[PDB]
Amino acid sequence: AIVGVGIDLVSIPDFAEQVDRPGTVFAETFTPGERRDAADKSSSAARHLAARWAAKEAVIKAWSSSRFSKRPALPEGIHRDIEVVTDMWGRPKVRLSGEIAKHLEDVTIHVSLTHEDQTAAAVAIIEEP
């Protein structure tokens, strides 16, 4: 059945203002070059990276809502252990590593992302047989 659900809305202008400020979470998510590019709120980079961020946040929220989260505070490494990339067609793919990959070996994570104008959004559904 369904294990967790998450939805996330991201302001593309707010994201652009934050994404290239030094810090481990964003450095663990995007490259310095990606972050420089996305700091321009009018850019394709800003729009597309904002949707990837929305997707990652939606997955983490779905995980935080699930039985797999034992404490209110997110576990160390979760932003390294959960990544959402897009193929050359814009379609999202979830990649897990570390402890998250270990614990979620037997669940599926569905994700969809979207954006328009100044807003990006994503939904994630974690599910098991």
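In this text, residue numbers run from 1 along the sequence as written.
Stretches compared: 22 to 30, 65 to 73. Higher mean C-alpha B-factor in the entry: 65 to 73.
The mean Cα B-factor in the deposited entry runs higher for 101 to 109 than for the other of 116 to 124 and 101 to 109. The entry lists C-alpha B-factors for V59, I78, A45, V85, and the highest of these is at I78.
In this PDB entry, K41 carries a Cα temperature factor that places it within the highest third of its chain's modelled residues. When the modelled residues of the chain are ordered by their C-alpha B factor, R35 lands in the middle third. Looking at the C-alpha B-factors along this chain, the one for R91 belongs to the highest third.
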